[PDB]
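Here, residue 1 is the first one in the sequence, and each next residue gets the next number.
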Amino acid sequence: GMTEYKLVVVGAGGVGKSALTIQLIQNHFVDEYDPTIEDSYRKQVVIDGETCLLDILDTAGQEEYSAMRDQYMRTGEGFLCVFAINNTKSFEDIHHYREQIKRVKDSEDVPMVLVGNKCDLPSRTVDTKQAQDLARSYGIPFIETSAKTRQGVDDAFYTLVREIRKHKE
Ligand SMILES: Nc1nc2c(ncn2[C@@H]2O[C@H](COP(=O)(O)OP(=O)(O)O)[C@@H](O)[C@H]2O)c(=O)[nH]1
Ligand SMILES: [Mg+2]
Ligand SMILES: [Mg+2]
Ligand SMILES: [Mg+2]
């Protein structure tokens with residue numbers, strides 16, 4: 001029936017994985033959201049005229065076993081790799097998440113988008129050029145976002161969906 005896209009949001013703690021997901025799905029900016037809570041968010045949306053279901057796992061990197069987490073990593077179709085533009089360490093951590101995803105999929109051709117979040121903040125330490133060079137090295141799109149203002153939020157997730165469409169054929 002209706003097309004479903006299974007997405008997974010990964011990245012270092014505090015980059016805005018939860019805020020991005022909640023902004024996309026519920027259209028508000030959360031002030032605080034327990035950093036250990038991992039949950040799935042679903043919504044029917046229209047992307048490029050195609051009505052579909054998004055099924056998004058907001059990961060929290062906890063050690064406790066979750067059969068749902070395993071199912072999303074195994075069957076997840078695309079991944080958002082998120083850092084914050086005011087958090088150099090979170091950008092350095094990106095490679096770890098990409099390498100993990102490649103192992104889960106046993107492939108270097110996994111639908112993926114690099115997300116530089118918190119672009120509303122002036123305290124930038126990761127230049128747009130640094131992130132563009134990383135994305136080019138991976139061969140993936142790079143999108144700057146603000147979960148606070150909504151800038152780039154739909155584009156980040158929808159671009160990932162478009163990458164999944166490519167990978168299917
Ligand atoms: N200024 C700003 N703050 C953000 C943005 N996204 C998230 N935050 C804040 O950063 C903190 C961590 O966000 P959160 O979604 O919990 O990060 P997570 O650990 O990756 O899930 C929270 O206090 C959010 O309100 C953003 O785009 N801009
Ligand atoms: Mg979170
Ligand atoms: Mg919206
Ligand atoms: Mg520098």
Side-chain angles (χ1 to χ4, degrees), residues 5-31 33 35 37-43 45 47-48 52 54-61 69 72-73 76-102 104-105 108-167:
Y5 295 100
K6 193 175 295 190
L7 316 179
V8 184
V9 185
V10 307
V15 300
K17 299 183 295 296
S18 297
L20 280 169
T21 305
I22 292 160
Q23 181 62 260
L24 177 79
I25 299 292
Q26 301 182 9
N27 303 295
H28 65 98
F29 173 58
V30 72
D31 58 357
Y33 184 92
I37 293 180
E38 173 167 295
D39 207 357
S40 57
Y41 288 76
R42 302 171 189 90
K43 188 181 188 180
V45 298
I47 303 170
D48 310 330
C52 51
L54 301 185
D55 187 1
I56 304 172
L57 181 65
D58 171 29
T59 64
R69 186 190 308 147
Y72 275 92
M73 297 298 292
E77 296 171 288
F79 297 77
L80 282 192
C81 293
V82 185
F83 70 95
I85 61 95
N86 69 329
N87 186 335
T88 283
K89 182 62 164 54
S90 75
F91 178 79
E92 297 168 348
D93 288 347
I94 287 289
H95 195 73
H96 163 87
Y97 294 99
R98 161 129 183 116
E99 287 297 314
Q100 177 184 344
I101 294 164
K102 289 162 38 168
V104 187
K105 299 307 186 178
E108 277 245 296
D109 294 329
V110 184
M112 190 178 295
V113 173
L114 182 67
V115 174
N117 190 44
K118 312 200 184 182
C119 71
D120 54 289
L121 290 180
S123 41
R124 176 186 291 270
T125 59
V126 182
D127 196 78
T128 303
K129 157 165 216 63
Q130 281 177 297
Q132 285 173 337
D133 287 355
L134 181 59
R136 170 171 324 101
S137 291
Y138 295 158
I140 64 174
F142 167 59
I143 297 172
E144 290 202 349
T145 63
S146 171
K148 176 168 182 177
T149 70
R150 293 175 187 167
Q151 177 180 162
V153 174
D154 283 2
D155 193 22
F157 287 92
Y158 291 8
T159 295
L160 182 56
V161 168
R162 295 181 192 105
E163 291 293 288
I164 293 166
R165 290 172 178 164
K166 293 174 169 167
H167 192 260

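- For the atom pair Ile101 CD1 and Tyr138 OH, the distance stands at 9.5 Å (nearest 0.5 Å).
- Remark: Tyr72 engages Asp55 in a side-chain hydrogen bond (donor to acceptor under 3.5 Å, both in side chains) (not counting sequence neighbours).
- Here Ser90 contributes atom OG and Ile85 contributes atom CD1; the two are 9.5 Å apart, rounded to the nearest 0.5 Å.
- In this structure, CG in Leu160 is found 9.0 Å from CZ in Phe79, a value given to the nearest 0.5 Å.
- For the pair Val126/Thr88, a side-chain contact is recorded, criterion being any heavy-atom separation below 4.5 Å from C-beta on.
- In terms of modelled atom types and a separation under 3.5 Å, the side chain of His167 and the main chain of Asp109 share a donor-acceptor contact.
- With sequence neighbours left out, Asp48 forms a salt bridge (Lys or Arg N to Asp or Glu O under 4.0 Å) with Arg162, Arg165.
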For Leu80 and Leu7, what are the C-alpha separation, side-chain angles and deciding distance, and is it a side-chain contact (heavy atoms from CB on, under 4.5 Å)? CA-CA 7 Å; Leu80 282 192; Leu7 316 179; over 6 Å; no
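- For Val45, the side chain to side chain contact (heavy atoms under 4.5 Å, CB included) partners two or more places apart in sequence, or in a different chain, are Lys43, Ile47, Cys52, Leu54, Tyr158.
- Of the possible polar contacts, one joining the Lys105 side chain to the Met73 backbone as a donor-acceptor pair under 3.5 Å is found.
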Step by step, would you call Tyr41 with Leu24 a side-chain contact (heavy atoms from CB on, under 4.5 Å)? CA-CA 10 Å; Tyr41 288 76; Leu24 177 79; over 6 Å; no
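- The closest donor-acceptor contact from the side chain of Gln151 to the backbone of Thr145 lies at 3.5 Å or more, if one exists at all.
- Judged as a side-chain hydrogen bond (donor to acceptor under 3.5 Å, both in side chains), and not counting sequence neighbours, the contacts of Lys166 are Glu163.
- Here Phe91 pairs with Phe83 under the ring pair (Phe, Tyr, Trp, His ring centres under 6.0 Å) rule; sequence neighbours left out.
- No donor-acceptor pair under 3.5 Å is formed between the side chain of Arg150 and the backbone N or O of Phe29.
- When all heavy atoms are compared, the tightest approach of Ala131 to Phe142 is CB-CZ, 3.3 Å.
- Remark: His96 engages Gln100 in a side chain to side chain contact (heavy atoms under 4.5 Å, CB included) (not counting sequence neighbours).
- Contact detail for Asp120 and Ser146: the closest heavy-atom pair is OD1-OG, 2.7 Å.
- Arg136 pairs by the salt bridge (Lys or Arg N to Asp or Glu O under 4.0 Å) definition with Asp133, not counting sequence neighbours.
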Intermediate values then yes/no, side-chain contact (heavy atoms from CB on, under 4.5 Å), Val161 and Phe157: CA-CA 6 Å; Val161 168; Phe157 287 92; 5.8 Å; no
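- Residues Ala156 and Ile143 approach most closely at CA-CD1, 3.6 Å, considering heavy atoms.
- Once rounded to the nearest 0.5 Å, the distance linking CG of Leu114 with CG of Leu134 reads 5.5 Å.
- The distance from atom CG of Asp39 to atom CG of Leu57, rounded to the nearest 0.5 Å, is 8.0 Å.
- Heavy atoms only, all atoms of each residue included: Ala12 and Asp93 are closest at CB-OD2, 3.7 Å.
- Without hydrogens or angle criteria, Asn117 side chain to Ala147 main chain gives a donor-acceptor distance under 3.5 Å.
- Scanning for side chain to side chain contact (heavy atoms under 4.5 Å, CB included) contacts around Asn86 gives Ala84, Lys118, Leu121, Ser123, with sequence neighbours left out.
- Residues passing the salt bridge (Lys or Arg N to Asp or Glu O under 4.0 Å) test with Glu108 are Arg98, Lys102, sequence neighbours excluded.
- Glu144 meets the side-chain hydrogen bond (donor to acceptor under 3.5 Å, both in side chains) test with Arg124, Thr128; sequence neighbours excluded.
- The side-chain hydrogen bond (donor to acceptor under 3.5 Å, both in side chains) test applied to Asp155 returns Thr159, not counting sequence neighbours.
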Begin from the C-alpha positions of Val15 and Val115 and carry the test side-chain contact (heavy atoms from CB on, under 4.5 Å) through to its verdict. CA-CA 10 Å; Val15 300; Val115 174; over 6 Å; no
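- Each side-chain hydrogen bond (donor to acceptor under 3.5 Å, both in side chains) pair with one or both residues in residues 8-21, not counting sequence neighbours, appears once here: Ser18-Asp58.
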